[PDB]
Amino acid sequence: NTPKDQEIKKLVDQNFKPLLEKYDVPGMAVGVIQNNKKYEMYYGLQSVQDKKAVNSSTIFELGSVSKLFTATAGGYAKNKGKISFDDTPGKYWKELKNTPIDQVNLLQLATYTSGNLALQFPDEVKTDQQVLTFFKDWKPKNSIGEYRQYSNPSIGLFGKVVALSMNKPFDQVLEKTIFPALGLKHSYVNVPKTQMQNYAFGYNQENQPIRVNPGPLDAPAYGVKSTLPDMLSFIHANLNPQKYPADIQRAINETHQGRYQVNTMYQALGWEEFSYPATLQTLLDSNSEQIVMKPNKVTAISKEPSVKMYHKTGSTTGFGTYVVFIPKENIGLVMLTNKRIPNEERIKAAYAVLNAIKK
């Protein structure tokens, strides 16, 4: 005898709200979408010093969840005939022609299998010229295509190439093409002055206010900021790609296509994919040190799961993000915080909520 909106709010209170005190997190937004109905829950402060409450207008940094938009942009360019995933980067960034990195194809860049690209660019690589020199100086290590090492430079280069193929800077690919196509009106690579009042402070581990700093190829790797309503709309788009024009529908579907496996994890384009129902440990394994921080040999997909789910975590210095959706259950969840919390806690809390919501 309790309305569903209250049932979902109670589940989020039971599973996400305690994380605020446990990790001293100033502000949090959690959203659930089920059967095209959205439920938004806001807690705490987007700015401690300004006593400004988290609300539907609050803009949060998505960290690596930005890679889902980069992947969507690549799927869009591929389906418009602007790139093939079998192309190499020198076809588009001409200064890379006939360098060793020009042996790596675009899908391998997007899915982290070049064989010699680390988590981050070197600290000293900052300017556009330094980024170019870094890729010109790149040499192979492991055999191309065989080992996954999650990597910002890898998918960053993919995003730069996607942008070159579309004749626009990457920030404009998202702000002028991809965000409008997905119906997102409060999502940004660069937050404009007229929206800075809505941009949350992030909070470091000392609870000091901070925001993300510029970095090499930051936009395609971790450059997006968004609101809870926009992220629910993005989940809706992933749950209902048939509701978009052909090129955008196909772009979304590209991001859902698993490309290879590492144990129980399927690497799609940006998204991680799993057979559903997934055990909690399967989902935790995807964020283990072994999977995130080390190279792992990839295997071809054997079981192509008809019933599946997708997720991605992201963090910046001052923010945490988790997004997850389950197509055949018509459900998804978004968590945004303005302080990092352990990825396992995000995954566990979402798992508990999603499994307990009545169908």
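For every residue, the number given is its place in the sequence shown, counted from 1.
Taking the mean C-alpha B-factor of each stretch as recorded, 70-78 and 189-197 are not equal, and the higher mean is that of 189-197.
Comparing 32-40 with 317-325, the higher mean C-alpha B-factor in the PDB entry belongs to 32-40. Taking the deposited Cα B-factors for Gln281, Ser226, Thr88, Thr111, the highest one is held by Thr88. Comparing the listed residues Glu272, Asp285, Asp230, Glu146, the entry records the largest Cα B-factor for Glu146.
Per the PDB record, residue ranking by Cα B-factor puts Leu157 in the middle third of the chain. Remark: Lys126 belongs to the highest third of its chain, ranked by C-alpha B-factor as recorded.
For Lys17, the recorded CA temperature factor ranks within the middle third of the chain's modelled residues. Placement of the Cα temperature factor of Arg259 within the chain: lowest third of the modelled residues, per the deposited record. In the PDB entry, a CA B factor belonging to the lowest third of its chain's modelled residues is recorded for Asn238.
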